[PDB]
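Participant: I have a structure here, written as structure tokens, and I will follow up with some questions on it.
Protein chains: 2
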Amino acid sequence: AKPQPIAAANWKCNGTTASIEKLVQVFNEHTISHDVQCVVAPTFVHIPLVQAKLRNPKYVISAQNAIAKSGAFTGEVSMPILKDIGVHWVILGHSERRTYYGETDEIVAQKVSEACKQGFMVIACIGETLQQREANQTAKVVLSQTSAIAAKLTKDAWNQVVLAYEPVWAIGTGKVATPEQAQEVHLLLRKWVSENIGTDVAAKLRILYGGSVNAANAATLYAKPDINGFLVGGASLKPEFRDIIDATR
Amino acid sequence: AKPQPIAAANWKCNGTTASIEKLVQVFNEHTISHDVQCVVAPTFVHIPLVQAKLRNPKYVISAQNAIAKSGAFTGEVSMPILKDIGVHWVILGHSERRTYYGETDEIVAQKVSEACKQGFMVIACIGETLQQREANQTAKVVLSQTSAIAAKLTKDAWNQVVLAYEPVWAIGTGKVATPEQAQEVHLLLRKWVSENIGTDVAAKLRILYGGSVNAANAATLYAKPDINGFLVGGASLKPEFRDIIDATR
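Chains as they are written, first to last, in this note's numbering: chain A, 4 to 252; chain B, 4 to 252.
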């Protein structure tokens with residue numbers, strides 16, 4: 004049996020107080036009747052508003068990034084600061100951060116390890132570029148990204164790990180991976196985890212797909228046996244996030 | 004006559020809800036009886052708490068960084084998002100961001116220009132390294148940093164600019180610039196502004212000093228004619244920020 008699914012909203016760098024209040028009300032009013040962990044990841048400055056307004060019992064709040072330690076890091080938000088304010092989920096290694104903001108495999112791996120030590124649930128993002136896919140390097144890349152993370156984790160830390168496979172070419176581009184494309188990658192990831200980390204770990208691990216998930220494509224993705232839900236960007240700013248949650252039934 | 008001074012607290016990546024509530028109460032209870040703009044720059048996730056608790060009428064709240072535009076920038080906070088939530092001050096180009104987080108002169112200049120266009124008051128940070136100082140390059144460096152910013156500003160934008168001269172070797176090191184060291188740089192900066200931007204602009208411009216400012220050294224710094232207040236890191240997490248404010252009398 005599949006583990007508990009996750010439907011996660013990565014709002015990225017978007018929102019106003021008014022738009023968030025309206026969308027949160029929509030999410031609150033959508034009654035969910037199956038076992039699913041819903042996640043909303045607002046910008047840092049919007050975390051308190053979401054904490055104040057979001058009440059749907061299936062939801063938890065995540066940060067979109069963090070640094071490991073407090074101190075003289077003007078502009079950054081640390082893991083201890085998030086834990087103190089009640090945020091104990093974090094997205095780490097998103098492609099935008101890997102690409103724009105210097106986050107190498109080593110940096111991502113270190114952040115994931117620090118977050119697990121500090122008691123976070125971590126949505127750790129992996130995924131190949133268009134060039135890597137066309138060179139037949141998808142497996143090599145996602146396994147190298149995953150193994151880099153794994154090298155800094157104890158076995159027991161994996162209870163806190165969620166993988167999000169987001170092919171870079173599918174992020175924001177209007178070009179979702181097909182169910183077959185996504186399932187092939189999720190299958191190979193789960194096999195690696197089973198063999199390298201443990202059979203128990205692999206059975207319980209959520210491996211989410213992201214990159215152009217929408218209300219219309221989500222259910223046929225979720226029907227694949229190794230897809231455990233979604234990390235949703237653009238559609239998660241809209242009422243159709245409700246449909247995406249319901250696609251994990 | 005000097006323009007209105009500023010006393011600015013850069014909390015950097017520090018705080019808990021409990022510590023912030025206590026410190027804000029201390030700041031609230033310290034009654035200020037002269038014309039000074041006090042500024043507190045909390046981490047992004049702490050902005051709403053500070054907005055809720057800080058009531059001293061001499062204070063405004065600043066961000067420690069921003070990006071110019073909303074969109075698909077996971078982990079970042081944009082200038083429109085800050086304006087919407089009521090934050091209309093921002094620190095840009097802090098040395099930690101120049102050094103750790105890729106912010107070149109071009110990047111800082113672009114951010115300052117975008118922030119001014121969006122109606123922010125901007126505390127734009129400049130300053131030389133220890134090696135640059137020892138090579139007799141202090142003036143060259145701070146004027147190059149300032150001119151890079153200036154090249155992207157209209158004259159009228161300078162009504163929104165505050166410069167913060169923070170020699171890198173003084174930040175967090177227990178080694179404040181002497182009043183004479185700081186004044187020499189502030190004098191040369193103001194002369195450049197007077198000649199390159201305008202005499203009116205230079206007379207009104209606040210040029211703040213930062214780098215190891217504390218309660219005991221602040222008044223003799225402020226006595227210098229071209230120092231208009233302070234950008235304070237470590238001491239601003241403590242009750243002696245009150246003394247620093249009072250040193251601008």
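Each residue gets a CB set at the ideal place from its N, CA and C atoms; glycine is no exception.
#1: Quick check: what's the CA-CA separation for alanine 154 (chain B) versus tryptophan 161 (chain B)?
#2: Name the residue from A:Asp203, A:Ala206, A:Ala142 and A:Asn220 whose alpha carbon lies nearest to the alpha carbon of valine 179 (chain A).
#3: So with CB distances below 7 Å, who are the chain A contacts of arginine 100 (chain B)?
#4: Between the beta-carbon of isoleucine 152 (chain B) and the beta-carbon of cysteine 128 (chain B), is there less than 8 Å?
#5: Please list, in chain order, the residues of the segment 108–137 of chain B that have any C-beta partner in chain A closer than 9 Å.
#6: Give me, in chain order, the residues of the same chain whose beta-carbon lies closer than 8 Å to that of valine 145 (chain A); leave out the 5 immediate sequence neighbours on both sides.
#7: Counting pairs of Cβ atoms below 8 Å between the segment 49–69 of chain A and the segment 75–91 of chain B, do you hit three or more?
#8: For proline 182 (chain B), which option in B:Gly201, B:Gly214 and B:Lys158 has the closest C-alpha, if you only look at C-alpha atoms?
#9: Alpha carbon to alpha carbon, how far is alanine 205 (chain B) from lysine 194 (chain B)?
#10: Quick one: which chain A residues come within Cβ less than 7 Å of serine 81 (chain B)?
#11: For chain A, check one thing: does any of its Cβ atoms lie closer than 8 Å to the Cβ of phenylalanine 244 (chain B)?
#12: For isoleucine 23 (chain A), collect the residues of the same chain with a Cβ closer than 8 Å to its Cβ; drop the 5 residues on either side in sequence, then sort them by chain order.
#13: Given this structure, state the Cα-to-Cα distance separating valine 29 (chain B) from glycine 237 (chain B), to the nearest angstrom.
#14: Taking 8 Å as the threshold (C-beta atoms), are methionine 124 (chain B) and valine 165 (chain B) in contact?
#15: In chain A, what lies closer than 7 Å to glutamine 67 (chain B) by C-beta?
#16: So that I know if they touch, is there some Cβ in chain A lying closer than 8 Å to that of residue 257 (chain B)?
#17: Starting from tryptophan 92 (chain A) and walking both ways along the beta strand (DSSP E), at which residues does that stretch end?
#18: Can you check whether the CB of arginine 101 (chain B) is closer than 8 Å to the CB of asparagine 68 (chain B)?
#19: Count the other CB atoms, across all protein chains shown, that sit within 10 Å of the CB of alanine 11 (chain B); report buried if there are 16 or more and exposed otherwise.
#20: Could you check where the alpha helix (DSSP H) with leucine 190 (chain B) kicks off and where it finishes?
#21: Just to make sure I have the definition right: I need the residues of chain A whose C-beta is within less than 9 Å of the C-beta of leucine 52 (chain B). Which are they?
#22: Residues in the same chain with beta-carbon distance under 8 Å from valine 80 (chain B), minus the five sequence neighbours each way, listed in chain order, please.
#23: Suppose you measure from the CA of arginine 245 (chain A) to the CA of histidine 33 (chain A); what does that come to, to the nearest Å?
#24: Can you say whether residue 256 (chain B) is buried or exposed, counting buried as having 16 or more other CB atoms within 10 angstroms of its CB?
#25: Using beta-carbon positions only, say whether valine 27 (chain A) and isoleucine 248 (chain A) come within less than 8 Å of one another.
#26: Quick one, are the C-beta atoms of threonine 202 (chain B) and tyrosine 225 (chain B) less than 8 Å apart?
#27: Between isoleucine 9 (chain B) and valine 43 (chain B), is the Cβ-Cβ spacing less than 8 Å?
#28: At a cut-off of 7 Å, is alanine 221 (chain A) close to the ligand SAM when judged by its beta-carbon and the heavy atoms of the ligand?
#29: Look up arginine 58 (chain B) in the DSSP assignment and say whether it is helix, strand or coil.
#30: The alpha helix (DSSP H) that contains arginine 101 (chain B), what's its start and end?
#31: Which one or two residues does DSSP pair with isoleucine 9 (chain B) in a beta bridge?
#32: Are the beta-carbon atoms of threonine 20 (chain A) and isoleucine 88 (chain B) separated by less than 8 Å?
#33: How about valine 171 (chain A): is its C-beta nearer than 8 Å to some C-beta of chain B?
#34: Going along the chain, which residues of the segment 17–34 of chain A sit with their C-beta nearer than 7 Å to a C-beta in chain B?
#35: Which chain A residues are close to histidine 97 (chain B), counting only those with a beta carbon under 9 Å from its beta carbon?
Facilitator: On the basis of the supplied data:
#1: Straight through space, the alpha carbons of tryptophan 161 (chain B) and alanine 154 (chain B) are spaced by roughly 12 Å.
#2: A:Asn220
#3: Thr77 and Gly78
#4: no
#5: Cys128
#6: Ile129, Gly130, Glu131, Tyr168, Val188, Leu191 and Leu192
#7: yes
#8: B:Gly214
#9: Roughly 8 Å between the two C-alpha positions.
#10: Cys16
#11: no
#12: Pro45, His49, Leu52, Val53 and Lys56
#13: 16 Å
#14: yes
#15: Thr77 and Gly78
#16: Since the first residue shown for chain B is 4 and the last is 252, residue 257 (chain B) is missing from the structure and cannot be characterised.
#17: 92–95
#18: no
#19: buried
#20: From DSSP, the alpha helix (DSSP H) with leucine 190 (chain B) extends over 182–199.
#21: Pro51 and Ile88
#22: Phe47, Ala66, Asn68, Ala69 and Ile70
#23: Between the alpha carbons of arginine 245 (chain A) and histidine 33 (chain A) lies a distance of about 7 Å.
#24: What the structure shows of chain B is the stretch from 4 to 252, and residue 256 (chain B) is not part of that stretch, so it cannot be assessed.
#25: no
#26: no
#27: no
#28: Absent from the structure shown: the ligand SAM. Ligands present: none.
#29: coil
#30: For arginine 101 (chain B), the enclosing alpha helix (DSSP H) covers residues 98–103.
#31: Paired residues: B:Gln40 and B:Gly232.
#32: Note that the C-beta distance between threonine 20 (chain A) and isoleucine 88 (chain B) is below 8 Å.
#33: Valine 171 (chain A) does not count as touching chain B.
#34: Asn17, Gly18, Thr19 and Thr20
#35: Residues of chain A passing the Cβ test: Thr77 and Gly78.
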